[PDB]
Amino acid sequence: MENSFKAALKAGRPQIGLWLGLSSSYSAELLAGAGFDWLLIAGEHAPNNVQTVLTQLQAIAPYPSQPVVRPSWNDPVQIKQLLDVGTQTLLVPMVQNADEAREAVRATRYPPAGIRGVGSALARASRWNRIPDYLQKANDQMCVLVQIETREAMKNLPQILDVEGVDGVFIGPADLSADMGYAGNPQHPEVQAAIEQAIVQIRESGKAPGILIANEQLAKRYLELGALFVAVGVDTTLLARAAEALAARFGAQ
């Protein structure tokens, strides 16, 4: 039950990932075997809620790729249910300040370190009580990644970085540039500068920087700056671009 993604970050080994906007456990498995270090379960139209995350985690389980799940916000209930279904690494959206970061962390840890409920029923997280000493071991294997999406969050980064249990800080270029006044234009120099310096700052604090970047050369640049969890594509972009390129090779006839 050791979290290998968390251990890799801690050891400074960079992890290359793919963002999943589809909810299918079939495509999840198809992608789990494609050679990524991690996959981000982030679908915005999931049909079966936590059960959708269950089947994606089951699909991914036997593969080397590690799952990370993005709840739709920093929601203590959502977090509790994702941890019970067996999620060990979370990407928590819209973390704006250190208080919010500390709340995300506390939601993942049993008392006294946090407020995670032991609950009434057996859960997949403990493999139905088959993992020996699960209660004692669980806290140390939770990996909390916080997403910074605004000027305000960027402003508060040194304090967020000071929060114990924040293992990583993920920057979403699209949302940040929108908030900076360049929506759709993350490549604008002021935006790239802010991202580069955040990535360096996170790394210098002994925490893992993450980012999503579909431009392959930019991704490489972030990796050199020390980004340790880098999503380099999104499943639905891969599919849409491949399909469009294929149809264009023939034109509509």
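The first residue of the sequence shown is number 1, and the count goes up from there.
Looking at mean Cα B-factors across 147-155 and 76-84, the upper value is held by 147-155. As listed in the deposited structure, the average C-alpha B-factor of 215-223 and of 36-44 is greater for 215-223.
Of the candidates 65, 49, 27, 58, the one whose C-alpha carries the top B factor in the deposited record is 49.
Annotation for 123, 178, 90, 163: 178 ranks highest, by Cα B-factor.
For residue 238, the recorded CA temperature factor ranks within the middle third of the chain's modelled residues.
Ranked within its chain, residue 128 lands in the lowest third, by CA B factor from the PDB record. Residue 22: CA B factor lies in the lowest third for its chain, per the PDB record.
The entry lists a Cα temperature factor for residue 70 that places it in the lowest third of the chain's modelled residues. In this PDB entry, residue 1 carries a Cα temperature factor that places it within the highest third of its chain's modelled residues.
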